[PDB]
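Have a look below at one chain only, the form solved without the named molecule, in structure tokens format.
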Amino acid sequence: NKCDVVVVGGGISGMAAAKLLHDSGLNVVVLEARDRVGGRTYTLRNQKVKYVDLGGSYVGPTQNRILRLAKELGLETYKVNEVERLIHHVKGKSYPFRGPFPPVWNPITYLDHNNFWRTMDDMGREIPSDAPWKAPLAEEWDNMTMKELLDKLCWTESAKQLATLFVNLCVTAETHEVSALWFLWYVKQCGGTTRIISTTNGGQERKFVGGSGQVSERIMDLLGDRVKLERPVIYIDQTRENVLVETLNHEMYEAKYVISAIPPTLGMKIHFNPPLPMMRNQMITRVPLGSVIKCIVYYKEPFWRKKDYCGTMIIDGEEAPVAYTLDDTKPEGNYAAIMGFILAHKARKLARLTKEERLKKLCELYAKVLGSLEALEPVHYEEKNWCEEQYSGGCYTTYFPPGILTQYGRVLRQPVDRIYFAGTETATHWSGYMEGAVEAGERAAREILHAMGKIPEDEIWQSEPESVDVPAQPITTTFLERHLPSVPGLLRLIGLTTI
């Protein structure tokens, strides 16, 4: 019934917010729609897999908040396998390589590839992490899709195709679906192209031993009876002295403040009194989540390692159901597995198949890419289609279509009377990730602590010390990477020699 703060949503963001408020001495209640906590993280346990993350999983250097929270909860990380060679599969052939980037040998294509990634980061530097709509060319960039930007920037089909794969993989959406400004912001606020794409020294460096679901589960353990499962919030009333929060199962909760720790669009599932201000009312109809099926195929042994492949495959082509894989073998070397993402339109297309049909397609793909008949002999299979989730709306996160971020972006974490907004979508560093969830939950919590006069304004936004366990190497470029001309740049240099 009565508490200090109602937190709506028991994902990482809501749990992090509730923990901070609980630790500060406030009475908190978490109202969670599902029969479980974790939201877009979900760790399945059974005999065949031991444990497997079916949602958010990877953490890496510079994600210091999730690392600190998980450490405090008694969790440990392990390194994703990147010992052996990566594979880039393009036009039906596999090309093994080392490093974060597939090598390009053609001098023109090389210039084009180099310029693309460089320009992405160049443009990113003009975009404030906490206010992308304040970029000097915000309107121009926001009124373009990523498809249009790629069309302008890439002078080779090879660069365009790889850039397209990158967008699909990063934001589980098609290039024509998403704003260029938003996508450029998204990459920049993760620390740039190298940081976001890398396993070693990047976002995919590590996973949690036992699964990421333990973060939310262990906070629930600490909070005990304060977490209310199967309590979908349907109604928030702010007309009276205390905020009234009603659930689908007829329960009423009274609080001084509310944290909304759900994906922005899922705010639509709540009826508000009084009605939301116009900008938020419309914003929450304009911010969809992406489309993905996470698929894990299990094998007797990590046979790819014997062929000097680490299990990472970058697979281009419309025919391939999965565009990207990682070795998902346990740190102990057992429960050998390949994790793959079925992205964007392919998630839509292939969801029509049975689980068995998808497994067959994945195995046949892996067999060609790895050039191994062993890939046709899976021992087990797990998958999760996040598009079907009423209380997620998709995965990994919310994307912004053209025109939305500049018009509605400033509303995202603007308080509505006594409602404050968490959720990874409101983060300014690794928004979209578990890291962003922690940043947002704790920031929203501190906004309430400030509103109560418990902390100064200066303390709402808090810096995070670097993890000692997961140190971050700086992102470097070579002299040539910095100064080599683009394709049109080289052509302009040829045009000048003609005179």
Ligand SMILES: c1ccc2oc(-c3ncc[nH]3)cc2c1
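Sequential numbering from 1, following the sequence displayed.
Heads up, the form solved in complex with the named molecule isn't pictured, but that's what we're talking about next.
K.L.:
Would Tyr420 count as touching the named molecule in the deposited bound form under a 4.5 Å heavy atom rule?
P.N.:
No - in the deposited bound form, heavy atoms of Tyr420 and the named molecule never come within 4.5 Å of each other.
K.L.:
Does the named molecule come within 4.5 Å of any heavy atom of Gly210 in the deposited bound form?
P.N.:
No - in the deposited bound form, heavy atoms of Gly210 and the named molecule never come within 4.5 Å of each other.
K.L.:
Under a 4.5 Å heavy atom criterion, is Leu365 part of the interface with the named molecule in the deposited bound form?
P.N.:
Contact check for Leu365: no, nothing within 4.5 Å of the named molecule in the deposited bound form.
K.L.:
Can you work out whether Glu82 and the named molecule are in contact in the deposited bound form, taking contact to mean some heavy atom pair no more than 4.5 Å apart?
P.N.:
Flag for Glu82 set to yes.
K.L.:
Could you spot which one of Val411, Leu223, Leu350, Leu165 gets a heavy atom to within 4.5 Å of the named molecule in the deposited bound form?
P.N.:
It is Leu165 that has a heavy atom within 4.5 Å of the partner.
K.L.:
Which one, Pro378, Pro288, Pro100, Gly403, lies within 4.5 Å of the named molecule in the deposited bound form by heavy atoms?
P.N.:
If I apply the 4.5 Å criterion carefully, the residue I get is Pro100.
K.L.:
Could you tell me if all three of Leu86, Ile197 and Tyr324 have a heavy atom no more than 4.5 Å from the named molecule in the deposited bound form?
P.N.:
Per the other structure, all of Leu86, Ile197 and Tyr324 touch the named molecule.
K.L.:
Which of 157 to 165, 134 to 142, 173 to 181, 351 to 359 has heavy atoms within 4.5 Å of the named molecule in the deposited bound form?
P.N.:
One stretch meets the cut-off, namely 157 to 165.
K.L.:
Out of 479 to 499, which residues reach within 4.5 Å of the named molecule in the deposited bound form, heavy atoms considered?
P.N.:
None of them.
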